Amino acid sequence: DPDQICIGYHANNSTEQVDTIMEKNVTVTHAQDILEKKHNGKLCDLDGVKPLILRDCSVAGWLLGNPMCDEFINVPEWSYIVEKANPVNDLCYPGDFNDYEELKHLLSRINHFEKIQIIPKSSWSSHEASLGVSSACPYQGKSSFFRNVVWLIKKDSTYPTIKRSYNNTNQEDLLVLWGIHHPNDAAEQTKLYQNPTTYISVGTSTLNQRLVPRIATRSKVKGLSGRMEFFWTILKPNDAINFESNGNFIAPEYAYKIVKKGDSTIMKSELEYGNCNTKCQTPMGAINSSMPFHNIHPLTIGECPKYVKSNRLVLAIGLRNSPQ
């Protein structure tokens, strides 16, 4: 028979399929998926700074020192904050936290964080500083209160006008927290504070605040119709904060030195820490960021692939291959 030479191409046992713009389900010799679909099921460090994991506490409960919260363990830096969707321990005494969401945003990523004592609880010589407790804030089967602020009441049927300053001698910004108590009526007002008409003034180089208690007949929450309303400011190095009050004052004891060098956000996740490191965190697990696209979860923090609604993105590498 005459000799022959033929031109041809590779085939193999691949059953991998791709789609093309003109034809679906084309079998090819080799293909490559460019969609990331896997995660590690854990909360990880982000490059590689650990998150602040609040367990069963809200940011507010943690900052104010809700006694039902876990003991304050210092974490001097973090990359993001993790809260459970509905933290059980928030404001033990019912009330509100002013500009709460902005504060959470500010605290989401922190380079340095350090709790310091700014007004000793023992320095209140003319007021009662150790009766500021409620059954709504238990600590070890005893009525207690937020541990980082002090609920002052009258002493010997008198509440002298308070005038206290703290000067930020530190080299860092100071996050300062205080509050006001809104009682149920005028009888409770004078019972706690003696003075029937009261205020709290707070001044810094930028702050010019005067708070007054609001009476309303309010629904009982945890058996209480009273309310606490909390406020905060950032006190710059060498500025001073000046408090004046003749009642209803929830005074700072502790404040927080902060260094801020960028932001992130609050992640809602029910997972615990996994002693891992990642470049891209999602609430259901951390992911690689090698692939251009992913489909795991939209609420990511970090440097992530682009989020798409797709179950597969498979590129052809090899050639048309006869199917099985």
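Residue indices: 1-based, along the sequence shown.
The question of which stretch, 98-106 or 221-229, has the higher mean Cα B factor is settled in favour of 221-229. Legend: mean Cα B-factor per stretch from the PDB entry, 27-35 versus 262-270; the higher mean is in 262-270. Looking only at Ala251, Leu174, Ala136, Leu207, the residue with the top Cα B factor in the deposited structure is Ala136. Going by the entry's values, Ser125 shows the largest Cα B-factor out of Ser79, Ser125, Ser201, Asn148.
Ranked by Cα temperature factor within the chain, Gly8 sits in the lowest third according to the deposited record. Per the deposited record, the Cα B-factor of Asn66 falls in the middle third when ranked against the other modelled residues of its chain. Among all modelled residues in this chain, the alpha-carbon of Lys257 has a temperature factor (C-alpha) in the middle third. Annotation for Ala85: CA B-factor lies in the highest third of the chain's modelled residues. Residue-level temperature factors show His181 in the lowest third of its chain, judged at the C-alpha atom.
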